[PDB]
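File shown: target_29.cif. Contents: mmCIF, C-alpha atoms.
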```cif
data_target
loop_
_atom_site.label_atom_id
_atom_site.label_comp_id
_atom_site.auth_asym_id
_atom_site.auth_seq_id
_atom_site.Cartn_x
_atom_site.Cartn_y
_atom_site.Cartn_z
CA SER A 1 35.62 -27.21 4.23
CA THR A 2 33.78 -24.25 5.70
CA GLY A 3 33.99 -20.46 5.70
CA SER A 4 32.70 -17.78 8.07
CA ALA A 5 32.81 -14.05 7.45
CA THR A 6 31.37 -11.04 9.22
CA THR A 7 29.01 -8.83 7.25
CA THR A 8 28.64 -5.17 8.24
CA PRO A 9 25.99 -2.55 7.39
CA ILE A 10 27.32 0.19 5.09
CA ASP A 11 25.47 2.97 6.91
CA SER A 12 23.18 3.77 9.83
CA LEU A 13 20.09 2.62 7.92
CA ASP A 14 21.33 -0.87 6.96
CA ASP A 15 20.98 0.11 3.30
CA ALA A 16 23.25 -2.80 2.36
CA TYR A 17 25.85 -5.07 3.92
CA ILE A 18 29.51 -5.57 3.00
CA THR A 19 31.65 -8.63 3.55
CA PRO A 20 35.44 -8.76 3.07
CA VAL A 21 36.62 -11.01 0.25
CA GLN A 22 40.21 -11.95 -0.61
CA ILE A 23 40.95 -11.99 -4.34
CA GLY A 24 44.22 -12.95 -6.00
CA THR A 25 47.78 -13.64 -4.90
CA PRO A 26 48.91 -11.86 -2.82
CA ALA A 27 45.41 -11.26 -1.51
CA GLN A 28 43.58 -8.09 -2.48
CA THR A 29 40.76 -7.60 0.02
CA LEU A 30 37.61 -5.96 -1.36
CA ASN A 31 34.35 -5.38 0.50
CA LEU A 32 31.59 -6.97 -1.52
CA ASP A 33 27.80 -6.90 -1.33
CA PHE A 34 26.66 -10.54 -1.05
CA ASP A 35 23.55 -10.73 -3.20
CA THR A 36 21.30 -13.79 -3.17
CA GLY A 37 19.28 -12.14 -5.96
CA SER A 38 22.02 -12.21 -8.62
CA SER A 39 24.78 -14.49 -9.86
CA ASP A 40 27.78 -12.39 -10.92
CA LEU A 41 30.88 -11.73 -8.82
CA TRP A 42 32.05 -8.37 -10.14
CA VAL A 43 34.51 -5.82 -8.80
CA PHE A 44 35.70 -2.30 -9.24
CA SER A 45 39.09 -2.67 -10.85
CA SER A 46 42.10 -1.04 -12.46
CA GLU A 47 40.05 -1.27 -15.67
CA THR A 48 37.11 0.76 -14.37
CA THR A 49 36.57 4.10 -16.12
CA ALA A 50 38.44 6.48 -13.83
CA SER A 51 35.65 9.07 -13.52
CA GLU A 52 33.39 6.25 -12.31
CA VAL A 53 35.59 5.34 -9.34
CA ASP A 54 35.06 7.46 -6.22
CA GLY A 55 36.67 5.91 -3.14
CA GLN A 56 36.20 2.20 -3.83
CA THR A 57 38.99 -0.30 -3.39
CA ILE A 58 39.93 -1.79 -6.76
CA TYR A 59 41.10 -5.19 -7.91
CA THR A 60 44.26 -4.98 -10.03
CA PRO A 61 44.60 -8.28 -11.88
CA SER A 62 48.10 -7.43 -13.17
CA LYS A 63 49.31 -7.53 -9.54
CA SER A 64 47.88 -11.02 -8.96
CA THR A 65 50.13 -13.92 -9.96
CA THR A 66 47.10 -16.23 -10.13
CA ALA A 67 44.92 -13.95 -12.32
CA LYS A 68 44.22 -15.11 -15.86
CA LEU A 69 42.21 -13.23 -18.46
CA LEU A 70 39.26 -15.33 -19.61
CA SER A 71 39.72 -14.89 -23.32
CA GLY A 72 36.81 -13.33 -25.15
CA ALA A 73 34.53 -13.19 -22.12
CA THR A 74 32.44 -10.14 -21.29
CA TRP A 75 29.60 -9.42 -18.88
CA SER A 76 26.84 -6.87 -18.49
CA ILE A 77 24.19 -6.76 -15.79
CA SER A 78 21.16 -4.63 -15.00
CA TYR A 79 19.66 -4.82 -11.52
CA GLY A 80 16.09 -4.40 -10.34
CA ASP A 81 16.79 -0.93 -8.98
CA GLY A 82 17.98 0.33 -12.37
CA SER A 83 21.71 0.18 -11.66
CA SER A 84 24.14 -1.57 -14.00
CA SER A 85 27.73 -2.53 -14.67
CA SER A 86 29.77 -4.32 -17.35
CA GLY A 87 33.28 -5.37 -18.31
CA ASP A 88 35.60 -8.30 -18.95
CA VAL A 89 36.51 -11.42 -16.96
CA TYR A 90 39.45 -12.93 -15.14
CA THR A 91 39.73 -16.17 -13.24
CA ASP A 92 41.52 -15.97 -9.90
CA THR A 93 41.61 -17.35 -6.39
CA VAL A 94 38.82 -16.06 -4.17
CA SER A 95 38.50 -16.63 -0.44
CA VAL A 96 35.62 -15.81 1.90
CA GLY A 97 36.07 -16.26 5.61
CA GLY A 98 38.75 -18.92 5.15
CA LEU A 99 36.98 -20.82 2.34
CA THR A 100 39.00 -20.76 -0.88
CA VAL A 101 37.89 -21.29 -4.50
CA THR A 102 40.50 -21.46 -7.24
CA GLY A 103 39.54 -20.53 -10.79
CA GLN A 104 36.63 -18.30 -9.74
CA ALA A 105 35.31 -15.96 -12.43
CA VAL A 106 36.02 -12.44 -11.23
CA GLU A 107 34.18 -9.99 -13.43
CA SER A 108 36.18 -6.78 -13.77
CA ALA A 109 34.10 -3.66 -14.31
CA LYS A 110 34.98 -1.34 -17.15
CA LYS A 111 31.78 0.67 -16.59
CA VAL A 112 29.48 1.12 -13.59
CA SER A 113 26.33 3.22 -13.23
CA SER A 114 26.17 6.32 -11.07
CA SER A 115 24.66 4.60 -8.02
CA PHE A 116 27.70 2.33 -7.76
CA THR A 117 30.15 5.20 -8.22
CA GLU A 118 28.36 7.18 -5.53
CA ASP A 119 28.58 4.36 -3.00
CA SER A 120 32.22 4.39 -1.89
CA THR A 121 31.66 1.56 0.59
CA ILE A 122 30.77 -1.18 -1.94
CA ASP A 123 33.69 -2.52 -3.98
CA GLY A 124 31.53 -4.94 -5.99
CA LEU A 125 28.95 -7.71 -5.68
CA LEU A 126 29.17 -11.41 -4.94
CA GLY A 127 26.16 -13.15 -6.40
CA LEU A 128 24.62 -16.10 -4.56
CA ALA A 129 21.55 -16.83 -6.70
CA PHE A 130 21.62 -19.73 -9.16
CA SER A 131 24.34 -19.82 -11.81
CA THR A 132 21.71 -19.87 -14.59
CA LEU A 133 21.44 -16.06 -14.08
CA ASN A 134 25.17 -15.41 -14.57
CA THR A 135 25.69 -12.87 -17.35
CA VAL A 136 29.12 -13.87 -18.68
CA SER A 137 29.17 -14.39 -22.43
CA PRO A 138 29.81 -16.43 -24.49
CA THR A 139 30.48 -18.99 -21.72
CA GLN A 140 28.33 -18.61 -18.58
CA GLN A 141 30.28 -18.84 -15.32
CA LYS A 142 29.51 -20.34 -11.91
CA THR A 143 28.93 -18.50 -8.65
CA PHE A 144 31.35 -18.72 -5.74
CA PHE A 145 28.90 -20.98 -3.90
CA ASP A 146 28.41 -23.26 -6.92
CA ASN A 147 32.20 -23.62 -7.25
CA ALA A 148 32.67 -24.23 -3.51
CA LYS A 149 29.75 -26.58 -3.05
CA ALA A 150 31.39 -29.95 -3.59
CA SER A 151 34.16 -29.14 -1.11
CA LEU A 152 31.82 -27.90 1.63
CA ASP A 153 31.03 -30.04 4.67
CA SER A 154 27.33 -29.50 3.79
CA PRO A 155 26.10 -27.79 0.58
CA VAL A 156 24.65 -24.75 2.34
CA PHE A 157 25.28 -21.17 3.22
CA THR A 158 23.57 -19.08 5.87
CA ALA A 159 22.75 -15.40 6.19
CA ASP A 160 22.54 -13.87 9.66
CA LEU A 161 22.17 -10.15 9.01
CA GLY A 162 22.20 -7.72 11.92
CA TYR A 163 19.89 -4.84 12.70
CA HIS A 164 22.17 -1.81 12.98
CA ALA A 165 24.93 -4.29 13.84
CA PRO A 166 27.32 -6.78 12.26
CA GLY A 167 26.22 -10.28 11.31
CA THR A 168 27.59 -13.36 9.60
CA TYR A 169 27.68 -15.32 6.37
CA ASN A 170 28.67 -18.96 6.90
CA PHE A 171 29.47 -21.49 4.19
CA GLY A 172 29.29 -25.24 4.65
CA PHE A 173 27.73 -25.51 8.11
CA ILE A 174 24.79 -24.41 10.24
CA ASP A 175 25.78 -22.65 13.49
CA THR A 176 23.24 -24.10 15.91
CA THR A 177 24.12 -21.39 18.46
CA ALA A 178 23.04 -18.59 16.09
CA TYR A 179 19.26 -19.02 16.32
CA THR A 180 16.48 -19.85 18.76
CA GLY A 181 13.95 -22.67 18.43
CA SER A 182 13.97 -24.69 15.22
CA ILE A 183 14.72 -23.98 11.60
CA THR A 184 11.63 -24.37 9.40
CA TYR A 185 12.40 -25.40 5.85
CA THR A 186 10.27 -24.52 2.86
CA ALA A 187 10.29 -25.42 -0.85
CA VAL A 188 12.24 -23.42 -3.43
CA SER A 189 11.59 -22.94 -7.12
CA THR A 190 14.72 -22.31 -9.17
CA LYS A 191 12.72 -21.69 -12.36
CA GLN A 192 13.57 -17.97 -12.45
CA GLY A 193 17.11 -18.44 -11.09
CA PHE A 194 16.22 -17.08 -7.63
CA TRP A 195 15.76 -18.45 -4.13
CA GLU A 196 12.01 -18.29 -4.73
CA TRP A 197 9.61 -19.58 -2.09
CA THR A 198 6.03 -19.14 -0.83
CA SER A 199 5.28 -17.51 2.49
CA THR A 200 2.15 -18.79 4.20
CA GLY A 201 0.81 -15.38 5.26
CA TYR A 202 1.26 -12.37 7.48
CA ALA A 203 0.13 -10.38 10.51
CA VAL A 204 0.38 -6.68 11.35
CA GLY A 205 1.36 -5.85 14.92
CA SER A 206 -0.68 -7.87 17.38
CA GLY A 207 -3.34 -8.56 14.75
CA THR A 208 -4.63 -11.92 13.61
CA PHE A 209 -2.57 -13.91 11.14
CA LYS A 210 -3.89 -13.94 7.58
CA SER A 211 -3.26 -17.23 5.84
CA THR A 212 -2.43 -16.45 2.22
CA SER A 213 0.28 -17.61 -0.18
CA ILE A 214 2.89 -14.98 -1.03
CA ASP A 215 5.43 -16.08 -3.63
CA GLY A 216 8.67 -14.14 -3.46
CA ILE A 217 12.44 -14.26 -3.38
CA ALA A 218 14.93 -14.25 -0.52
CA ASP A 219 17.22 -11.43 -1.63
CA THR A 220 20.05 -10.19 0.57
CA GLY A 221 20.90 -7.58 -2.07
CA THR A 222 17.59 -5.73 -1.76
CA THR A 223 17.22 -3.40 1.22
CA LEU A 224 13.46 -3.41 1.74
CA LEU A 225 10.51 -5.80 1.97
CA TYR A 226 8.38 -5.60 -1.19
CA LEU A 227 4.96 -7.25 -0.92
CA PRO A 228 1.59 -7.14 -2.67
CA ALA A 229 -0.29 -3.84 -2.50
CA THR A 230 -3.09 -5.36 -0.43
CA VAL A 231 -0.64 -6.51 2.27
CA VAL A 232 1.30 -3.24 2.30
CA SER A 233 -1.88 -1.17 2.53
CA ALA A 234 -3.00 -3.25 5.52
CA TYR A 235 0.33 -2.61 7.24
CA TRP A 236 0.47 1.17 6.74
CA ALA A 237 -3.20 1.59 7.66
CA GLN A 238 -2.04 0.84 11.22
CA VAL A 239 0.30 3.85 11.25
CA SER A 240 -1.36 7.20 11.88
CA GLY A 241 -0.53 9.65 9.13
CA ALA A 242 1.14 7.15 6.83
CA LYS A 243 0.47 7.54 3.12
CA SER A 244 1.76 6.48 -0.25
CA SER A 245 3.64 9.33 -1.88
CA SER A 246 4.13 9.23 -5.65
CA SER A 247 6.62 12.11 -5.40
CA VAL A 248 8.79 10.30 -2.85
CA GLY A 249 8.29 6.87 -4.41
CA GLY A 250 6.47 4.87 -1.77
CA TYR A 251 4.93 4.84 1.66
CA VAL A 252 6.06 7.51 4.08
CA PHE A 253 5.06 8.05 7.69
CA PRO A 254 5.48 10.67 10.42
CA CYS A 255 8.89 10.25 12.01
CA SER A 256 7.15 10.59 15.43
CA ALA A 257 5.24 7.33 14.85
CA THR A 258 5.80 4.06 16.67
CA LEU A 259 5.71 1.38 13.95
CA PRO A 260 3.95 -1.95 14.47
CA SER A 261 5.78 -5.19 13.89
CA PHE A 262 5.17 -7.30 10.78
CA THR A 263 4.98 -11.10 10.91
CA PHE A 264 5.49 -13.41 7.94
CA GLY A 265 4.78 -17.12 7.76
CA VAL A 266 7.23 -19.87 6.91
CA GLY A 267 5.11 -23.01 6.86
CA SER A 268 3.49 -23.13 10.31
CA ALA A 269 6.30 -20.99 11.77
CA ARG A 270 6.35 -17.22 12.14
CA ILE A 271 9.11 -14.63 11.79
CA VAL A 272 8.47 -11.31 13.52
CA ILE A 273 10.02 -8.16 12.08
CA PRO A 274 10.13 -5.52 14.85
CA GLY A 275 8.62 -2.16 14.00
CA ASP A 276 11.95 -0.36 14.28
CA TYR A 277 13.33 -2.51 11.42
CA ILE A 278 10.74 -0.86 9.16
CA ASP A 279 12.00 2.71 9.81
CA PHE A 280 14.29 4.05 7.06
CA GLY A 281 14.52 7.54 8.46
CA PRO A 282 13.86 10.99 7.07
CA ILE A 283 13.11 11.17 3.36
CA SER A 284 15.60 14.02 3.11
CA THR A 285 17.91 15.52 5.69
CA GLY A 286 15.94 17.34 8.37
CA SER A 287 12.51 16.13 7.23
CA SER A 288 9.91 14.88 9.70
CA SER A 289 8.55 12.52 7.04
CA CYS A 290 10.19 9.09 7.22
CA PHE A 291 10.53 6.38 4.57
CA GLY A 292 8.89 3.01 5.11
CA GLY A 293 10.70 -0.31 4.98
CA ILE A 294 7.70 -2.23 3.65
CA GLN A 295 6.74 -1.17 0.13
CA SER A 296 4.49 -2.39 -2.67
CA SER A 297 5.87 -4.84 -5.21
CA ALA A 298 3.22 -3.79 -7.74
CA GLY A 299 5.05 -3.15 -10.98
CA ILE A 300 8.26 -4.83 -9.78
CA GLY A 301 6.65 -8.03 -10.96
CA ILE A 302 7.88 -10.07 -8.01
CA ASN A 303 7.67 -9.98 -4.22
CA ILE A 304 11.05 -9.53 -2.53
CA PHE A 305 11.97 -10.61 0.98
CA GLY A 306 14.89 -8.20 1.23
CA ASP A 307 17.06 -7.26 4.18
CA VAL A 308 14.18 -5.85 6.27
CA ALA A 309 12.71 -9.38 6.42
CA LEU A 310 15.87 -11.46 6.30
CA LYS A 311 17.63 -9.65 9.14
CA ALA A 312 14.80 -10.72 11.49
CA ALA A 313 15.82 -14.36 10.88
CA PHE A 314 18.63 -16.85 10.62
CA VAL A 315 18.31 -17.99 6.99
CA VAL A 316 19.59 -21.23 5.49
CA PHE A 317 20.19 -21.35 1.74
CA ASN A 318 20.28 -25.10 1.18
CA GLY A 319 21.96 -25.92 -2.13
CA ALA A 320 21.31 -29.65 -2.02
CA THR A 321 20.21 -31.36 -5.25
CA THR A 322 16.72 -30.12 -4.47
CA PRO A 323 17.31 -26.69 -2.93
CA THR A 324 15.28 -25.44 0.02
CA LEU A 325 15.23 -22.41 2.31
CA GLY A 326 15.23 -22.50 6.08
CA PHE A 327 14.18 -19.75 8.51
CA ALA A 328 14.63 -19.55 12.28
CA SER A 329 13.99 -16.80 14.79
CA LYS A 330 17.05 -15.47 16.61
#
```
Whole structure, structure tokens version:
Amino acid sequence: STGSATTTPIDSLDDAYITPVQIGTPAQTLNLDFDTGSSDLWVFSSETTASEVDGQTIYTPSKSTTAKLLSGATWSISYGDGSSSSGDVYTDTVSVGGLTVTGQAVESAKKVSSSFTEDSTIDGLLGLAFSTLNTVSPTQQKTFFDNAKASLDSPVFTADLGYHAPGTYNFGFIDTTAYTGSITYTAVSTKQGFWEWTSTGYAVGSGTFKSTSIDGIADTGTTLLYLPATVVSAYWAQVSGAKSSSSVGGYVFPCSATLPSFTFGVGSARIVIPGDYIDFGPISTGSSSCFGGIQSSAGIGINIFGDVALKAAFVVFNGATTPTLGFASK
């Protein structure tokens, strides 16, 4: 089997991407944030504290003839950005882009943190990291991809995120029309539960490529590109007037600037992030100071190849017995 679904930016800055997901019978379609950095499929629901729902579409398990409460199971997750959610668990039928999994754990939120409430466009998350990170207790549950894997034509999914435009998540096949040149594959460590890999270096603008190993994660659920302070400093030094602002929480730059591109290495291959992808707009409405899309990972504890990087590529998440990651230009 295969599936193919369009993923759409939630706003004009590409802060996150939503993908429609059918849950239950009859289908209840929710728009979920596909997150290769976590492993829980959780939804706003009829059980979510009412004051914590503000415009989201909810899953109502009582209206699904295939929903079953997973007795005794609870979940609770805290994300890198400080947000969180928790609740109980159903199993139900879940379909993405025509690919159906029966018996998928659907984690129903009883509580969500303010950042989720305030984002009316995201109805929940669909985790695509390794199932070892799943938070369900006392019996850990499998991700949608893990459940689907054996039925797929090939045990892969691909992320093709757009810049200010829709893109695609495919399951079970590689669309050879969706990229240019070749896909370069690189080793993955699953030791921390992530799609963790080592970039071979970087360049800023038209500058020379610096060969240096950068270990990090491919994370569709993180907006920005978080890299070591040395790398980030080298990038922003090429932007007149750019500075790190403790009050704002990262590098800012004059909105009148033209940003240089940023290149990252995948083996001997190179992915070029255009400068415009690195512009996250005014820090506050009407400001002429703009927020940078490349930020330091110092004190995150890990480098993160978030949407800023991934949307410059066609990315293969290869879930073979030994997982790997593939990147192509597009």
Using only C-alpha atoms, find each residue of stretch 183-294 of chain A with at least one atom at most 12 Å away from an atom of stretch 39-49 of chain A; report its shortest atom-to-atom pair and that distance in Å (one decimal), sort the rows by chain and rising residue number, and return the result as CSV.
```
residue,atom,partner,partner_atom,distance
A:193,CA,A:39,CA,8.7
A:194,CA,A:39,CA,9.2
A:195,CA,A:39,CA,11.4
A:219,CA,A:39,CA,11.6
A:221,CA,A:39,CA,11.1
```
Taking the file as shown, find all residues satisfying the PyMOL selection byres ((chain A and resi 88-100) around 6) and write them as a CSV table (one decimal) with C-alpha atoms, in the frame of the given file.
```
chain,number,residue,atom,x,y,z
A,2,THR,CA,33.8,-24.2,5.7
A,3,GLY,CA,34.0,-20.5,5.7
A,4,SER,CA,32.7,-17.8,8.1
A,5,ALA,CA,32.8,-14.0,7.4
A,21,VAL,CA,36.6,-11.0,0.2
A,22,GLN,CA,40.2,-12.0,-0.6
A,23,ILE,CA,41.0,-12.0,-4.3
A,24,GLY,CA,44.2,-13.0,-6.0
A,66,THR,CA,47.1,-16.2,-10.1
A,67,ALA,CA,44.9,-14.0,-12.3
A,68,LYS,CA,44.2,-15.1,-15.9
A,69,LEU,CA,42.2,-13.2,-18.5
A,70,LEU,CA,39.3,-15.3,-19.6
A,73,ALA,CA,34.5,-13.2,-22.1
A,74,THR,CA,32.4,-10.1,-21.3
A,87,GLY,CA,33.3,-5.4,-18.3
A,101,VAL,CA,37.9,-21.3,-4.5
A,102,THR,CA,40.5,-21.5,-7.2
A,103,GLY,CA,39.5,-20.5,-10.8
A,104,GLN,CA,36.6,-18.3,-9.7
A,105,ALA,CA,35.3,-16.0,-12.4
A,106,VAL,CA,36.0,-12.4,-11.2
A,107,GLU,CA,34.2,-10.0,-13.4
A,108,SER,CA,36.2,-6.8,-13.8
```
| Point-to-point distance from atom CA of residue A:121 to atom CA of residue A:18, Å rounded to tenths |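 Distance between the two atoms: 7.8 Å.
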| Quick one: residues within 7 Å of residue A:326, only C-alpha atoms counted, chain neighbours fewer than 6 positions away excluded, as a ChimeraX atom specification? | /A:183-186,315-317
Mind writing the picked residues with C-alpha atoms as a PDB file, in the coordinates of the input?
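Final output, saved to out.pdb:
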```
ATOM      1  CA  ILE A 183      14.720 -23.980  11.600  1.00  0.00           C
ATOM      2  CA  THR A 184      11.630 -24.370   9.400  1.00  0.00           C
ATOM      3  CA  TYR A 185      12.400 -25.400   5.850  1.00  0.00           C
ATOM      4  CA  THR A 186      10.270 -24.520   2.860  1.00  0.00           C
ATOM      5  CA  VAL A 315      18.310 -17.990   6.990  1.00  0.00           C
ATOM      6  CA  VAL A 316      19.590 -21.230   5.490  1.00  0.00           C
ATOM      7  CA  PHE A 317      20.190 -21.350   1.740  1.00  0.00           C
TER       8      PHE A 317
END
```
| query | Taking all atoms listed in the file into account, which of A:295, A:29, A:19, A:147 comes nearest residue A:233? | reply |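 Looking only at the distances to residue A:233, the closest residue turns out to be A:295.
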| query | Can you list, as a list in words, every protein, DNA or RNA residue that comes within 10 Å of residue A:248 when you count all atoms listed in the file, leaving out same-chain residues fewer than 4 positions away? | reply |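 Close residues of residue A:248: residues 244, 252, 283, 284 and 291 of chain A.
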| Counting all atoms listed in the file, the residue of A:36, A:203, A:1, A:124 that sits nearest residue A:151 |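 Closest to residue A:151 of all the choices is A:1.
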Could you list, as a JSON list (two decimals) with C-alpha atoms, keeping the file's coordinate frame, every residue within 7 Å of stretch 8-16 of chain A, counting all atoms listed in the file and ignoring same-chain residues fewer than 6 positions away?
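Okay, around13.json is ready:
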```json
[["chain", "number", "residue", "atom", "x", "y", "z"],
["A", 121, "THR", "CA", 31.66, 1.56, 0.59],
["A", 164, "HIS", "CA", 22.17, -1.81, 12.98],
["A", 165, "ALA", "CA", 24.93, -4.29, 13.84],
["A", 166, "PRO", "CA", 27.32, -6.78, 12.26],
["A", 167, "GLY", "CA", 26.22, -10.28, 11.31],
["A", 221, "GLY", "CA", 20.90, -7.58, -2.07],
["A", 223, "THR", "CA", 17.22, -3.40, 1.22],
["A", 280, "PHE", "CA", 14.29, 4.05, 7.06]]
```
| message | Taking all atoms listed in the file into account, name the residue in A:196, A:276, A:215, A:153 that is nearest to residue A:293. | response |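 That would be A:276, the residue with the smallest distance to residue A:293.
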| task | Specify as a PyMOL selection string each residue included when the PyMOL selection byres ((chain A and resi 209) around 12) is applied to this file. | result | chain A and resi 200-208+210-212+231+262-265+268-272
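When only C-alpha atoms are used to measure the gap to residue A:137, the shortest distance among A:177, A:158, A:71, A:240 belongs to A:71.
Counting all atoms listed in the file, residue A:258 has the following residues at most 10 Å away, ignoring those fewer than 4 positions along the same chain: residues 239, 240, 253, 254, 275, 276 and 279 of chain A.
Separating atom CA of residue A:220 from atom CA of residue A:53 is a distance of 24.1 Å.
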| Of the candidates A:135, A:115, A:182, A:285, which one gets nearest to residue A:82 if we count only C-alpha atoms? | A:115
| Hey, can you check how far atom CA of residue A:290 sits from atom CA of residue A:247? | 13.5 Å
